[PDB]
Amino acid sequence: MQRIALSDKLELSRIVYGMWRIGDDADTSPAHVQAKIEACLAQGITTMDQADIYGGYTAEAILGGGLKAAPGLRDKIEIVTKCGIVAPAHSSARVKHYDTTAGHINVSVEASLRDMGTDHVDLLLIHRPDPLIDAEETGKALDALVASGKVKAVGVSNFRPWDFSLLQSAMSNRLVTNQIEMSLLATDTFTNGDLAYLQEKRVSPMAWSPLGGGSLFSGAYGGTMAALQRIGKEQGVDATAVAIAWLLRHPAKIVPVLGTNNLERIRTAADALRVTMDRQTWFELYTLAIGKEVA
């Protein structure tokens, strides 16, 4: 497994394991959480991606059950968490909203640390761009969390370039990533300036839903799937390995986040690194994704 240094304080595995769906698994037992993590570690996948809101605010506690029952396991992994979304779940918020206040960020990180049973997270992301953001307040709160040692590095998620620029303008610490949807189903960022911006700044994006959240396999993408299967058969891997290799081929050093809860699929997650993806093949798949010839 390739590692990727996002800063002097943060190195991730090139492929990251996502826990959005950890609570969707009918088994949330400590042993089952440990089994998923151990299956990732066996392939050099060490980075786990979380958020405060995941699993109706239970997904970090479910991970915490695994970690708390396995001394030394947390020290083998990087934890990414997020804050900024407030989701209705009598004491529930009356409307889904964003909260990027220093107080909410601090409260979200303290709950994350208690739920996962650790004194630090590796990376904290602002989960969504906030139309009501006070960049000075949010920037100062993120810097203070890095200073405290509770957070090793900070970044953002779903930010447009102007959102990234505004928050970075109010901060000492460099924002080390933007976690954005990227896949053979979600290609707009390759042309619309969102990826160019990060590539120019030498910032690796993290790609969420790199298999479309399972939509790639739905039967709606028969031409893309036919090509992924043919390339997979040629190189002795599955269609998923080729779809992830498509992202890894980009010179912007995309960090894909896989979301499977299936231990058989976790076991082959690193096959993507075995794929040879030449420029012509990348454009074959891109052409199938955009449904027309390049201009």
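All residue numbers refer to positions in the sequence shown, first residue = 1.
Peer 1: At least a third of the other compared entries lacking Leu195?
Peer 2: Other entries vs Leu195: none skip it.
Peer 1: Answer yes if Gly103 is missing coordinates in at least a third of the other compared entries, and no if every one of them models it.
Peer 2: No, modelled in all of them.
Peer 1: Does the entry skip any residues of the deposited sequence between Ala196 and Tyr197, and if so, is it 1 to 3, 4 to 9, or 10 or more, or none at all?
Peer 2: Missing in between: none.
Peer 1: Could you check which stretch, 53-61 or 247-255, carries the larger mean CA temperature factor in the entry?
Peer 2: The stretch with the larger average C-alpha B-factor is 53-61.
Peer 1: Looking only at CA atoms, which has the higher mean B factor in the entry: 70-78 or 127-135?
Peer 2: Comparing 70-78 with 127-135, the higher average CA B-factor belongs to 70-78.
Peer 1: Taking the values straight from the PDB record, which of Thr177, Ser209, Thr189, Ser218 has the highest C-alpha temperature factor?
Peer 2: Of the candidates given, the C-alpha B-factor peaks at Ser218.
Peer 1: Which listed residue, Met116, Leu167, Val154, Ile105, has the largest C-alpha temperature factor in the record?
Peer 2: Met116 has the highest C-alpha B-factor of those listed.
Peer 1: C-alpha B factor of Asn158, ranked within the chain: lowest, middle or highest third?
Peer 2: Within its chain, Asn158 is a lowest-third residue by C-alpha B-factor, going by the deposited values.
Peer 1: Place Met182 in the lowest, middle or highest third of its chain's C-alpha B-factors, as listed in the PDB entry.
Peer 2: Lowest third of the chain for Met182's C-alpha B-factor.
Peer 1: Select lowest, middle or highest to describe the third in which the CA B-factor of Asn173 falls within its chain in this entry.
Peer 2: Highest third of the chain for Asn173's C-alpha B-factor.
Peer 1: For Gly222, does the deposited CA B-factor place it in the lowest, middle or highest third of the chain?
Peer 2: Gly222: CA B-factor falls in the highest third of its chain.
Peer 1: If you rank every modelled residue in this chain by C-alpha B factor, which third holds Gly213: lowest, middle or highest?
Peer 2: Middle third of the chain for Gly213's C-alpha B-factor.
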